[PDB]
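*Asks:* My structure file run.cif, mmCIF, N, CA and C atoms, is below:
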data_my_file
loop_
_atom_site.label_atom_id
_atom_site.label_comp_id
_atom_site.auth_asym_id
_atom_site.auth_seq_id
_atom_site.Cartn_x
_atom_site.Cartn_y
_atom_site.Cartn_z
N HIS A 1 -2.75 167.22 -193.64
CA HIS A 1 -2.43 166.60 -192.36
C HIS A 1 -3.32 165.41 -192.11
N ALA A 2 -2.92 164.49 -191.20
CA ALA A 2 -3.77 163.34 -190.87
C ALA A 2 -3.15 162.59 -189.71
N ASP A 3 -1.92 162.04 -189.90
CA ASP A 3 -1.21 161.35 -188.82
C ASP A 3 0.28 161.49 -189.05
N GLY A 4 0.85 160.88 -190.11
CA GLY A 4 2.27 161.07 -190.41
C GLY A 4 2.54 162.38 -191.12
N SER A 5 1.52 163.02 -191.75
CA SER A 5 1.76 164.25 -192.51
C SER A 5 2.81 164.01 -193.58
N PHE A 6 2.79 162.81 -194.21
CA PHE A 6 3.74 162.50 -195.28
C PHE A 6 3.18 162.94 -196.61
N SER A 7 1.84 162.86 -196.83
CA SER A 7 1.29 163.24 -198.13
C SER A 7 1.81 164.59 -198.57
N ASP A 8 1.80 165.61 -197.68
CA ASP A 8 2.24 166.95 -198.10
C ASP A 8 3.59 166.88 -198.78
N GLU A 9 4.64 166.37 -198.10
CA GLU A 9 5.95 166.29 -198.75
C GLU A 9 5.87 165.41 -199.98
N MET A 10 5.08 164.31 -199.94
CA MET A 10 5.01 163.41 -201.09
C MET A 10 4.49 164.14 -202.31
N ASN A 11 3.63 165.17 -202.13
CA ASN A 11 3.12 165.92 -203.28
C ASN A 11 4.13 166.95 -203.73
N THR A 12 4.80 167.68 -202.80
CA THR A 12 5.75 168.71 -203.23
C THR A 12 6.87 168.08 -204.01
N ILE A 13 7.39 166.89 -203.63
CA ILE A 13 8.48 166.30 -204.41
C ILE A 13 8.06 166.11 -205.85
N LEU A 14 6.75 165.93 -206.16
CA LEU A 14 6.35 165.75 -207.56
C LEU A 14 6.21 167.13 -208.16
N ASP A 15 5.38 168.02 -207.57
CA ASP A 15 5.16 169.33 -208.18
C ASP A 15 6.47 170.05 -208.38
N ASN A 16 7.30 170.12 -207.32
CA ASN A 16 8.53 170.90 -207.38
C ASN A 16 9.65 170.12 -208.03
N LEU A 17 9.83 168.81 -207.69
CA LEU A 17 11.00 168.06 -208.17
C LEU A 17 10.60 167.14 -209.31
N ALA A 18 9.91 167.68 -210.34
CA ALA A 18 9.59 166.88 -211.53
C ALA A 18 9.26 167.79 -212.69
N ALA A 19 8.27 168.71 -212.55
CA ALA A 19 8.01 169.66 -213.62
C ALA A 19 9.29 170.35 -214.02
N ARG A 20 10.13 170.80 -213.05
CA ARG A 20 11.36 171.50 -213.39
C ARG A 20 12.57 170.59 -213.44
N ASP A 21 12.41 169.24 -213.39
CA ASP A 21 13.54 168.33 -213.50
C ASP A 21 13.26 167.19 -214.46
N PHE A 22 12.36 167.36 -215.46
CA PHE A 22 12.13 166.34 -216.49
C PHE A 22 12.56 166.88 -217.84
N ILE A 23 12.21 168.14 -218.22
CA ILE A 23 12.72 168.73 -219.45
C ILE A 23 13.29 170.11 -219.21
N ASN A 24 13.82 170.42 -218.00
CA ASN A 24 14.39 171.74 -217.73
C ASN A 24 15.70 171.60 -216.98
N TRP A 25 16.56 170.61 -217.33
CA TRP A 25 17.81 170.42 -216.57
C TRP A 25 18.83 169.55 -217.28
N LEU A 26 18.44 168.42 -217.93
CA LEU A 26 19.36 167.64 -218.75
C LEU A 26 18.67 167.42 -220.08
N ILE A 27 18.18 168.51 -220.72
CA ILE A 27 17.47 168.40 -221.99
C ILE A 27 17.22 169.77 -222.58
N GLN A 28 16.72 170.78 -221.81
CA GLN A 28 16.56 172.11 -222.38
C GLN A 28 17.84 172.54 -223.06
N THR A 29 19.03 172.16 -222.53
CA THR A 29 20.28 172.43 -223.23
C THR A 29 20.16 172.08 -224.70
N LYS A 30 19.56 170.92 -225.04
CA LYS A 30 19.40 170.50 -226.44
C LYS A 30 18.11 171.05 -227.03
N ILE A 31 17.63 172.24 -226.61
CA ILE A 31 16.41 172.84 -227.16
C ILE A 31 16.62 174.34 -227.25
N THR A 32 16.87 175.04 -226.11
CA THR A 32 17.14 176.48 -226.16
C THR A 32 18.11 176.82 -227.27
N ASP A 33 19.09 175.94 -227.59
CA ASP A 33 20.03 176.22 -228.67
C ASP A 33 20.32 174.94 -229.41
#
Please, can you express the file's structure as structure tokens?
*Replies:*
Amino acid sequence: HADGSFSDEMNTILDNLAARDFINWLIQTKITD
């Protein structure tokens, strides 16, 4: 927190919407099998 409280969401979009959306959504298909 601080004033806009934007950092928090700005971090979750990376942790949540990147680790599981860089090689686990349009690519694991070409790896698991």
*Asks:* Record the distance separating atom N of residue 15 of chain A and atom CA of residue 33 of chain A, expressed in Å with one decimal.
*Replies:*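 These two atoms are separated by 27.0 Å.
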*Asks:* Please report the interatomic distance between atom N of residue 19 of chain A and atom CA of residue 5 of chain A in Å with one decimal.
*Replies:*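 Rounded to one decimal, the two atoms are 21.5 Å apart.
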*Asks:* Could you pull out all residues of chain A with a DSSP call of helix (DSSP H, G or I) and give them as a ChimeraX atom specification?
*Replies:* /A:6-19,29-32
